[PDB]
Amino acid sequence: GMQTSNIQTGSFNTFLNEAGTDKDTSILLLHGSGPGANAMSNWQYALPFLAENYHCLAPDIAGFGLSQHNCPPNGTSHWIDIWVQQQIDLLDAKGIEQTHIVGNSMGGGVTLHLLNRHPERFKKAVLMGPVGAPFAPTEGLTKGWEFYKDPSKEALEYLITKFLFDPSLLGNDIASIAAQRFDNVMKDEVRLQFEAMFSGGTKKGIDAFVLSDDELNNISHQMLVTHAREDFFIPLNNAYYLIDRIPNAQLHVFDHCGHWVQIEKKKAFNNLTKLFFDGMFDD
């Protein structure tokens, strides 16, 4: 019920997950920036659900998973340029003129820059704990983006655990999950490019995603910003900041919830997202 492909997007190949390929309206889903992050780790629950009615495209974002960049630069601002062009190159490669879009954290930041730079290519947007607002580094985002200063199974287990408000939702054994996720995290084909993305440090990485008030004011897309009240990585105040500045943005905040809203509250998030794209919360 799901297809994968490797598709040329500019100077490198993008690993792509797709579902609902027979559907007329598409959703592009952009994952977050946990160490070892990829499309499926973020979206494996949302994809089958949304694919009942939507054509879903969920790529590994450049530098992550199986979308290694051919000449990785250093500096977050330069990776944002790459991440934006990657999605445009993907849509062009699939012959898709306009798409709905969902973005988690880093992917939500990329979403904001996509709406700013290429507004004609996008319909509705859902953000989930997005970067893009100004904030001081959190304990979570620091330990995440600077993981490779001191990498270990234990450090990765801690991160994975902190992405959820109730870690037991993950399964009965998080140590085992960290153990199996760790080998992938330590490959040079995963580590080197992650280090390059946030080489300027957490503060420079956060600041790099921030759009100006004028830019945000001029994002005209119908939008839903979702956020976990207890998000340990991106402060809830970011969501409030964004909805204060983006004209057509609604807000939804989930209680007893960690950064990974889509994993902690699978049914609620999946339904809220789908019904938003369906038009249930239109004016």
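The first residue of the shown sequence is 1; numbering continues from there.
Visitor: Taking only the CA atoms, which stretch has the higher mean B-factor in the record, 235 to 243 or 44 to 52?
Guide: So the stretch with the higher mean C-alpha B-factor is 44 to 52.
Visitor: Per the record, averaged over C-alpha atoms, which has the higher B-factor: 30 to 38 or 218 to 226?
Guide: Taking the mean B-factor of the alpha carbons in each, 30 to 38 is higher.
Visitor: At the C-alpha atoms, which of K162, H118, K203, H100 reaches the highest B-factor in this entry?
Guide: Among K162, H118, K203, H100, the highest C-alpha B-factor in the entry belongs to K203.
Visitor: In this PDB entry, which of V131, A125, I82, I177 has the top CA B-factor?
Guide: That would be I177.
Visitor: Name the third of the chain's ranked CA B-factors that contains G144, choosing lowest, middle or highest.
Guide: For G144, the deposited C-alpha B-factor lands in the middle third.
Visitor: Ranking the modelled residues of this chain by C-alpha B-factor as given in the entry, is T273 in the lowest, middle or highest third?
Guide: Within its chain, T273 is a lowest-third residue by C-alpha B-factor, going by the deposited values.
Visitor: Which third, lowest, middle or highest, does the CA B-factor of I263 fall in along this chain?
Guide: For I263, the deposited C-alpha B-factor lands in the lowest third.
Visitor: Is the Cα B-factor recorded for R191 in the lowest, middle or highest third of its chain?
Guide: Highest third - that is where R191 ends up once the chain's C-alpha B-factors are sorted.
Visitor: Give the position of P151 by CA B-factor within its chain, expressed as the lowest, middle or highest third.
Guide: Highest third of the chain for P151's C-alpha B-factor.
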